[PDB]
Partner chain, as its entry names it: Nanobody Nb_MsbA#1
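The chain that follows stands alone, in the form solved without the partner chain, written as structure tokens.
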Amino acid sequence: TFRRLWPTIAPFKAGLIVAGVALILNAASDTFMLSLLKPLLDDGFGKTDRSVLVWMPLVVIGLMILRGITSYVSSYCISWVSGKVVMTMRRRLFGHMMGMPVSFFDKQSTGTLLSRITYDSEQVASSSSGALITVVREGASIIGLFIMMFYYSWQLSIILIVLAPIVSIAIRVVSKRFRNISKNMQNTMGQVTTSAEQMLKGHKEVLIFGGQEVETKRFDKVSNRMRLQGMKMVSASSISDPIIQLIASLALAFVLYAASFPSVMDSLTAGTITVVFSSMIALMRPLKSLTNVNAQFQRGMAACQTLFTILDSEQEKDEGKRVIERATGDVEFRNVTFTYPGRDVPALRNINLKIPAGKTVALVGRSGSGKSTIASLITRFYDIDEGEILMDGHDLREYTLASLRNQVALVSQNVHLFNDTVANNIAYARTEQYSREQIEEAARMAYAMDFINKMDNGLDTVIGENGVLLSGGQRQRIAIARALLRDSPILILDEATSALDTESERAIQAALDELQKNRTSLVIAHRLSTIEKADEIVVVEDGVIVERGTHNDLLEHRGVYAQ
């Protein structure tokens, strides 16, 4: 439905009427130029008069100055409406996927929704504004070329106004045929493209098992299947326009044969028969464009109703009303059982896990099928199915989501770096209240500044993409710095260090023990240093915990934790 999209375009109505009257005036500029062919052959090369050939080059430049200006104005004042509309409805998309849950981002829709901001909204504004250019402009061309034809010779224009529905019907059925094989072939193109992607993706096993002559013989059958499909693109799209221009020229022959009729027709001068038989050649592109506009507008509305799936999608549930000033209370799981959205296997059994205030709790393992999931549930990235993760005596759903996520603070080696200054990157969404003094003391407290003070601009450098691209261990260091300035009683650590950097690890672990000196830390473990610094060690195997306690009690009976 177009009526959903119209309140977006409704503020920019003036550009649609200024260019709307600059498309009628553009199509009444080549119409009044084909109407100059009557007083050129009748009055300049019929009756000999040089006078019409004196001002005729002047109006020929005049109508082309008008046509050029009116073509620039209409293609700027529509592409300002169709630029501001896509700007508005893609910055409304972005404001609706910054509140839509992580499970929506977690492989329900991948990073290709970048293309659903950049391409799928430009295609709406370029197929609904290109379907107004060929409705106003070619509609005014059809209207104006059927006035000057009716003014000069009504006898041929009656035949033409009969025949032009027949030529439009022919254009519709011939274009609908190509639209049938194309949208049917689309699937075999997808199959034949993934069939060549798959063999290239298995390159290593191709070289190992020795099928560099079998896979060659299989690429002699899929490339031959791409060739024999690309030749059916051109056996269907290049039979279309020869058929269209032959049915259309049958109208060019019927009007020409009807102009041989002795008395009812053939009272037409040379200029009149030049105007009628040159407007007909100029009637072919208005007839082609006005017949295929509904297959262009419904390529814009088919993407607009694709974009509005997101605009009516459910955002993240902020169904809580209480605000946490500081989470001094200890967060504790209570009968919590969780299942991943989009899957049926549960990643969390019925588990009570207490994280005491000021005491770190380790998560020792590699995958666990639930280790990073447990870290995600405290931040409420994925909403809980049943159970209650009690936070200061109340469940997470009781609190407002922004104040809930203010208490938690993840730290990762794969942390995100914005295209901002490192002063604002340290203090994201806290630039106004938290001044530069707190930022520089917190950067010095985490021992970050030894890298920052030696940079090109100090605390003004751009770190992210199209930036200086700071180090992998410096990503965790800048995550310590963002974890600093406090107001974060809960810390989430992964430690993806792997290869420890020499002489920077001595400051990284110093800042890490500064991070874990107080406050309710929950760390997942790949380093035995964080393991022996842990207080209550938690180990999850195959999505469940059985064994808990400190390192000594888990060292008394080995199980799978010790080795």
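Residue numbers count along the first chain shown, from 1.
The protein also exists as the form deposited with the partner chain bound; that form is not presented, and the subsequent description refers to it.
A.B. asks: Ok, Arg444, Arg349, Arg397, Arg177: which has a heavy atom sitting within 4.5 Å of the partner chain in the entry with it bound?
C.D. replies: Answer to the contact question: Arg349.
A.B. asks: Could you tell me which of 168-176, 300-308, 384-392, 349-357 sits within 4.5 Å of the partner chain in the entry with it bound, going by non-hydrogen atoms?
C.D. replies: Only one stretch passes the 4.5 Å heavy-atom test: 349-357.
A.B. asks: Could you confirm whether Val546 comes within 4.5 Å of the partner chain in the entry with it bound, counting heavy atoms only?
C.D. replies: Yes, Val546 is a contact residue.
A.B. asks: Does the partner chain get within 4.5 angstroms of any non-hydrogen atom of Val21 in the entry with it bound?
C.D. replies: Contact with the partner chain, no.
A.B. asks: Does any heavy atom of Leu25 come within 4.5 Å of a heavy atom of the partner chain in the entry with it bound?
C.D. replies: Flag for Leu25 set to no.
A.B. asks: Even though the partner isn't displayed, in the entry with it bound is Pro7 close enough to the partner chain, meaning a heavy atom within 4.5 Å?
C.D. replies: Output for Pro7 is no: heavy atoms all beyond 4.5 Å of the partner chain.
A.B. asks: Within 4.5 Å of the partner chain in the entry with it bound, which residues of 532-563 have a heavy atom? Give them in sequence order, or say none.
C.D. replies: Counting only heavy atoms within 4.5 Å of the partner chain in the entry with it bound, the contacting residues of 532-563 are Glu541, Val544, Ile545, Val546, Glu547, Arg548, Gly549, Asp553, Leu554, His557, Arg558, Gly559, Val560, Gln563.
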